[PDB]
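There is one chain below, alone, in C-alpha coordinates, taken in the form solved without 1-benzothiophen-2-ylacetic acid (2FX).
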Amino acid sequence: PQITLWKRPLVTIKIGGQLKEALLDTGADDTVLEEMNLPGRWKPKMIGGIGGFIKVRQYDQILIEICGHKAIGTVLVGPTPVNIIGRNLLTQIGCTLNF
(Lines give C-alpha, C1' and ligand atoms only; values in the text may rest on other atoms or scores of the structure.)
Protein backbone atom coordinates (compact mmCIF):
# COMPACT_ATOMS: atom_id res chain seq x y z
CA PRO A 1 0.00 0.00 0.00
CA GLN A 2 0.81 3.71 -0.20
CA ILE A 3 0.89 5.30 3.27
CA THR A 4 0.69 9.07 3.92
CA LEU A 5 2.36 10.98 6.64
CA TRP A 6 -0.31 13.23 8.13
CA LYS A 7 -0.38 10.74 10.87
CA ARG A 8 2.52 8.60 12.30
CA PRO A 9 3.07 5.64 10.02
CA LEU A 10 1.94 2.90 12.44
CA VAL A 11 1.13 -0.46 10.95
CA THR A 12 0.14 -3.90 12.28
CA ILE A 13 2.95 -6.42 12.77
CA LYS A 14 2.90 -10.09 13.84
CA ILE A 15 5.93 -11.53 15.63
CA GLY A 16 6.45 -14.53 17.92
CA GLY A 17 2.75 -15.21 17.57
CA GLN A 18 1.79 -11.82 18.94
CA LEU A 19 0.08 -8.93 17.28
CA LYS A 20 1.67 -5.52 17.72
CA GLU A 21 1.74 -2.08 16.22
CA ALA A 22 5.01 -0.61 14.88
CA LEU A 23 6.27 2.55 13.19
CA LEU A 24 7.55 2.21 9.58
CA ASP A 25 10.67 4.22 10.23
CA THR A 26 12.97 5.35 7.37
CA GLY A 27 15.14 7.04 10.02
CA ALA A 28 15.98 3.61 11.60
CA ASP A 29 18.87 1.57 10.32
CA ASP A 30 17.55 -1.27 12.59
CA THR A 31 14.28 -2.78 13.77
CA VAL A 32 13.74 -2.32 17.47
CA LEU A 33 10.89 -3.62 19.59
CA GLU A 34 9.62 -3.31 23.13
CA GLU A 35 10.67 -6.05 25.64
CA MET A 36 9.69 -9.61 24.51
CA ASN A 37 10.92 -13.23 24.66
CA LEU A 38 12.11 -14.51 21.30
CA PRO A 39 13.47 -17.83 20.16
CA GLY A 40 16.62 -18.67 22.08
CA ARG A 41 19.72 -16.81 21.18
CA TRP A 42 21.01 -13.21 21.27
CA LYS A 43 24.19 -11.02 21.43
CA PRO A 44 24.45 -7.62 23.13
CA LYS A 45 24.08 -4.48 21.02
CA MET A 46 23.69 -0.73 21.46
CA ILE A 47 21.76 1.76 19.34
CA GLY A 48 21.61 5.49 19.57
CA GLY A 49 19.40 8.35 18.50
CA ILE A 50 18.04 11.62 19.82
CA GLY A 51 19.24 11.64 23.43
CA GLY A 52 22.07 9.07 23.14
CA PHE A 53 22.22 5.28 23.50
CA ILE A 54 20.31 2.20 24.79
CA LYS A 55 21.47 -1.38 25.28
CA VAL A 56 19.40 -3.98 23.35
CA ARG A 57 19.45 -7.74 22.62
CA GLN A 58 20.09 -8.71 19.07
CA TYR A 59 18.24 -11.71 17.60
CA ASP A 60 18.96 -12.86 14.05
CA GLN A 61 16.80 -14.52 11.39
CA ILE A 62 13.53 -13.70 13.12
CA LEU A 63 10.27 -13.95 11.14
CA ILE A 64 7.98 -10.93 11.21
CA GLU A 65 4.83 -10.09 9.27
CA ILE A 66 4.55 -6.37 8.48
CA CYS A 67 1.09 -5.38 7.29
CA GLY A 68 0.77 -8.85 5.54
CA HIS A 69 4.30 -8.88 4.13
CA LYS A 70 6.60 -11.56 5.49
CA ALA A 71 10.25 -10.77 6.21
CA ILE A 72 13.09 -12.53 8.04
CA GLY A 73 15.77 -10.53 9.61
CA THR A 74 17.50 -9.14 12.60
CA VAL A 75 15.27 -7.84 15.35
CA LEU A 76 16.46 -5.89 18.35
CA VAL A 77 14.66 -5.92 21.71
CA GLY A 78 15.23 -3.41 24.44
CA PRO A 79 13.95 -0.26 26.22
CA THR A 80 12.42 1.56 23.17
CA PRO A 81 9.11 3.38 23.80
CA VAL A 82 7.68 2.53 20.38
CA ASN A 83 8.05 -0.50 18.18
CA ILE A 84 10.12 0.50 15.16
CA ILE A 85 10.45 -1.26 11.81
CA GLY A 86 13.80 -0.08 10.34
CA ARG A 87 15.42 -0.20 6.86
CA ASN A 88 16.68 -3.75 7.46
CA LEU A 89 13.14 -5.08 7.04
CA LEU A 90 11.66 -2.13 5.07
CA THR A 91 13.99 -3.11 2.15
CA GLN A 92 12.72 -6.74 2.31
CA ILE A 93 9.15 -5.62 1.97
CA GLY A 94 10.00 -3.35 -0.97
CA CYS A 95 9.25 -0.13 0.87
CA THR A 96 10.18 3.13 -0.85
CA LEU A 97 9.68 6.84 -0.07
CA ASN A 98 7.97 8.71 -2.94
CA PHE A 99 7.29 12.49 -3.52
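The term rigid core refers to the most C-alpha atoms you can superpose between the two forms while keeping them within 1.5 Å. All residue numbers are counted from 1 along the displayed sequence.
Out of 55-63 and 39-47, which shows the greater rigid core-aligned C-alpha deviation in 5 other deposited structures of this protein? Once the cores are fitted, 39-47 deviates more in 5 other deposited structures of this protein.
Identify the stretch, either 63-71 or 35-43, whose C-alpha atoms have the larger mean B-factor according to the entry. It is 35-43.
Once you work out the mean C-alpha B-factor for both 45-53 and 24-32 from the entry, which is higher? Comparing 24-32 with 45-53, the higher mean C-alpha B-factor belongs to 45-53.
There is another form of the same protein, the form solved in complex with 1-benzothiophen-2-ylacetic acid (2FX); it is not shown, and what comes next is about it.
Report yes if any heavy atom of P44 sits within 4.5 Å of a heavy atom of 1-benzothiophen-2-ylacetic acid (2FX) in the bound PDB entry; otherwise report no. Close contact exists here: in the bound PDB entry, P44 approaches 1-benzothiophen-2-ylacetic acid (2FX) to within 4.5 Å, heavy atoms only.
Mind listing which residues of 55-77 have a heavy atom within 4.5 Å of 1-benzothiophen-2-ylacetic acid (2FX) in the bound PDB entry? Result: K55, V56, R57.
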